[PDB]
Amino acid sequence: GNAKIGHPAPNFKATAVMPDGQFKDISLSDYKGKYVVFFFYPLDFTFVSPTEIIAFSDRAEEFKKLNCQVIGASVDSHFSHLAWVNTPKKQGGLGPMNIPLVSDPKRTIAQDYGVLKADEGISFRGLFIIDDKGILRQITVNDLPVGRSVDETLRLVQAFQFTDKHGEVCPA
């Protein structure tokens, strides 16, 4: 792919299901000025991904406190995303979301980020930390069965922000 540490993260423009339940076309560049956590999950209506998606959504305020936007993505259609959002949580659904969920039906965003599982047209569990200038700072890719940690993601975002500011602090 085109995701390289220290280089601009690949832009994308894609339809997402937004927290209000409506569809909107969004771009990574919409979020310049904020840190971004951009994470891929394989498919809707699965059993490892909902733990991650719900954790990032439940804890969205902790990312907001770090001026950090979280965005999820999968190759499944935006209609499929909303169907899972609208599935009651007690039946295995996501429930209302605090983060947008991008649809990548052409697989070009996963390819751009180097996380397409080519023999099975879905993304690996890629997670990318992009700074406020659009520069890629961190790459995480898990094989399909193993999920990610919101605690670890917050540790990384905060640490990148602290090290960003080091030489810019008052010299008193």
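Residue indices: 1-based, along the sequence shown.
Asker: For the higher mean C-alpha B factor in the entry, choose 69-77 or 85-93.
Answerer: Between 69-77 and 85-93, it is 85-93.
Asker: Once you work out the mean C-alpha B-factor for both 30-38 and 99-107 from the entry, which is higher?
Answerer: Higher mean C-alpha B-factor: 30-38.
Asker: Specify which of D143, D131, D44, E120 carries the largest Cα B factor in the deposited PDB entry.
Answerer: In this record, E120 carries the highest C-alpha B-factor of the candidates.
Asker: Sorting the chain's modelled residues by C-alpha B-factor, tell me whether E52 ends up in the lowest, middle or highest third.
Answerer: Its C-alpha B-factor, which the entry lists for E52, ranks in the lowest third among residues of this chain.
Asker: When the deposited Cα B-factors of this chain's modelled residues are ordered and cut into thirds, is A60 in the lowest, the middle or the highest one?
Answerer: Highest third - that is where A60 ends up once the chain's C-alpha B-factors are sorted.
Asker: Among the chain's modelled residues, which third holds the C-alpha B-factor of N11?
Answerer: Answer is highest: the recorded C-alpha B-factor places it there.
Asker: By its CA B factor, does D151 count among the lowest, middle or highest third of the modelled residues in the chain?
Answerer: Its C-alpha B-factor belongs to the middle third of this chain's values.
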